[PDB]
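Okay, so here's just one chain, in C-alpha cells, the form deposited in one PDB entry.
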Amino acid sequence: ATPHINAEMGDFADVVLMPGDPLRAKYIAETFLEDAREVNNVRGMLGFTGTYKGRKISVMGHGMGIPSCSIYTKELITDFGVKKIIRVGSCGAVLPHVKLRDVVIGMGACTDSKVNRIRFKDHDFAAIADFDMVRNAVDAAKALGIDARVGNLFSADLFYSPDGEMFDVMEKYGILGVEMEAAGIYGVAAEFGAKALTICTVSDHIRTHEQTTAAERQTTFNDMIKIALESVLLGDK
C-alpha cells in the first residue's frame, strides 16, 4: 500500500487504463470489464480490476493535471509492478479539421509544465509514448473501424490560461489535442523504466466553442475505451 493507494501488490494488473475522472474509471469497469472489483477508494480516486476477453486489466482515475497523475503513475509502477499505463482522457482541439468526439493518439506530448526540465537539467526532453503501444492503438482502431490521428498533444498546467496567444502556436505546430497529463505521465514512465501512452477523445473545441457535457465525458466516450482495451490485447503477442 502506497501513500495514495490503499491496495496490495497483485491488486492491480500489469496494465492500467487511467482517465482523469475516477467516475469514468468506474464506468469503464462496469461496462467494459468483467467481474471488476474496486481495489482503491482513497481520495475518491476509484481504481478497479477485472478482466477483458479473459485478460486481467485494471482501470483507475489519476486526477487532473500533471502533478496528480505523476503521483499515481509512479506508485503503480514502483509499488504495484505495473508495466503499461494507458491514459484514456479528454482533450480540447485547436485545429479546424479536428472535430468533436474525435480520437487522437499522442505519440508525443508537449507541455508548459516545468517537471521534465527538472528531470532533464533544464533541457528539452521530448516526452514520447512507447512506440509499440502507439502502433497497438492504431491497429486496434483500424480493426474497430474508428478514425484516429497520431501526433502531438499539449499537456498544460493551466486549464484557464492567461495566454490565449499560445493556442495559435499549438495549432501552427499541429497539436492535435490540448490536455493536462500526457507529458507528465510520459516523463514518469521514462524515469522509472515503464511504458505509457495517451488516447484522448475531443470533448471540446477551443476555436468554435463546441462542447460535450460533464456527463457525456463520463459515460459516452466509448470509442476511446475499446481502442485502448483492444490495444492491450494486441500488445500481448
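Throughout, we count residues from 1 along the sequence that is shown. Whichever C-alpha set is largest while still superposing within 1.5 Å between the two forms counts as the rigid core. Shifts are known only where both forms have a C-alpha.
Just so you know, the form deposited in another entry exists too; it's not on screen, but the next bit is about it.
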Rigid-core superposed between this form and the one not shown, candidates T31, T51, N41, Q211; the one over the 2 Å C-alpha cutoff or at it is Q211
Might you say whether the CA atoms of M45 and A214 end up closer or farther apart in the other form than in this form? Their distance differs by 3 Å or more. farther
Since the Cα-Cα distance for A214 and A182 shifts by 3 angstroms or more in the other form, is it a contraction (closer) or an expansion (farther)? farther
As a test: superpose on the rigid core, then list the runs of at least 3 residues whose Cα atoms all move 2 angstroms or more between this form and the one not shown. 211 to 220
